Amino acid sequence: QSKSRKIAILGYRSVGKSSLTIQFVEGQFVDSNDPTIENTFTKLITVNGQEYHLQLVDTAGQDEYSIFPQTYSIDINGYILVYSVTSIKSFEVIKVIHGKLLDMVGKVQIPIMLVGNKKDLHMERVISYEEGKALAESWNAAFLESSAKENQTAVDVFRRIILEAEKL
């Protein structure tokens, strides 16, 4: 029988939070200039034979000054933290967000996924794979690079966070 899990997707503006989520949920790459507002999707996924009902919370992009909420610091089963490999600023910001997140969750190990998105834009990449891998390692977080244009990598992101959560 199925299990329910709630995942929050966090990160700086225009890193691809919406696009990655929509690619996973709907199978389509959408290019939109609407600002990302908090949006919750529901999605079925099977991971190692276990069926999951996912609630995916896309959050508005935040920056270093962003006060971290409290609503995103309880009842979440796992967090996907997204930066863009084409944006140094998004990478600086994801460190600040992670720090504020750990401060809010208290004395518990919470599944965290670091995601470097937009890996298809080879001519604009300014962050190496190794920089993100090393960051995730210092965090004990899973790490993947992704492209919202590539369905397999979006699926792999959301499978991975469920893999991490099930380890407890």
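Sequential numbering from 1, following the sequence displayed.
Exercise. Mean CA B-factor: is it higher for 44-52 or for 27-35?
Worked result: Mean B over CA atoms: larger for 27-35.
Exercise. Averaged over C-alpha atoms, is the B-factor higher for 67-75 or for 84-92 in this PDB entry?
Worked result: Here the higher of the two C-alpha B-factor means belongs to 67-75.
For this session: Choose from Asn117, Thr59, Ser128, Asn140 the residue with the greatest Cα B-factor as stated in the PDB record.
Result: Spelled out: the listed residue with the top C-alpha B-factor is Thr59.
Exercise. By the record's CA B-factor, is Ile162 among the lowest, middle or highest third of residues in the chain?
Worked result: Its C-alpha B-factor belongs to the lowest third of this chain's values.
Problem set entry | Third of chain Cα B-factors occupied by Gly99 | According to the entry, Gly99 has a C-alpha B-factor in the chain's middle third.
Exercise. Sorting the chain's CA B-factors, does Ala134 end up in the lowest, middle or highest third?
Worked result: Lowest third.
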